[PDB]
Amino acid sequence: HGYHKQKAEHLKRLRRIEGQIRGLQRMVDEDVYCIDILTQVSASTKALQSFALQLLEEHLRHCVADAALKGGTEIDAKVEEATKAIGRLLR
């Protein structure tokens, strides 16, 4: 249940993030001080970044590694794709 382990934890992290977004809506609805709203926006963006890093790690480990066993063209295509994805996350 290695897949099943990672999946259940991904879904738990995402459920937590989804509640944070509902929290933000409540904050706006109540006119909570903007700095406090920003603090929660940052906590949410950070939880998403942390989720992205776990996905990246699993991707590199399985997908990108498996391409190395197939050949050069395959690994180049996978690394090019992962690198574009990391570039998007960087912004």
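Sequential numbering from 1, following the sequence displayed.
*Asks:* Is the mean CA B factor in the deposited entry higher across 63-71 or across 18-26?
*Replies:* It is 63-71 that shows the higher mean C-alpha B-factor.
*Asks:* Taking the chain's C-alpha temperature factors as the reference, tell me which third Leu89 falls into: lowest, middle or highest.
*Replies:* Answer is highest: the recorded C-alpha B-factor places it there.
*Asks:* What third of the chain does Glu80 rank in for C-alpha temperature factor, lowest, middle or highest?
*Replies:* Within its chain, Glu80 is a middle-third residue by C-alpha B-factor, going by the deposited values.
*Asks:* Per the entry's values, where does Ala43 land by CA temperature factor relative to the rest of its chain, in the lowest, middle or highest third?
*Replies:* As the PDB entry reports it, the C-alpha B-factor of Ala43 lands in the highest third of its chain.
*Asks:* Taking the chain's C-alpha temperature factors as the reference, tell me which third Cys34 falls into: lowest, middle or highest.
*Replies:* Highest third, going by the recorded CA B-factors of the chain.
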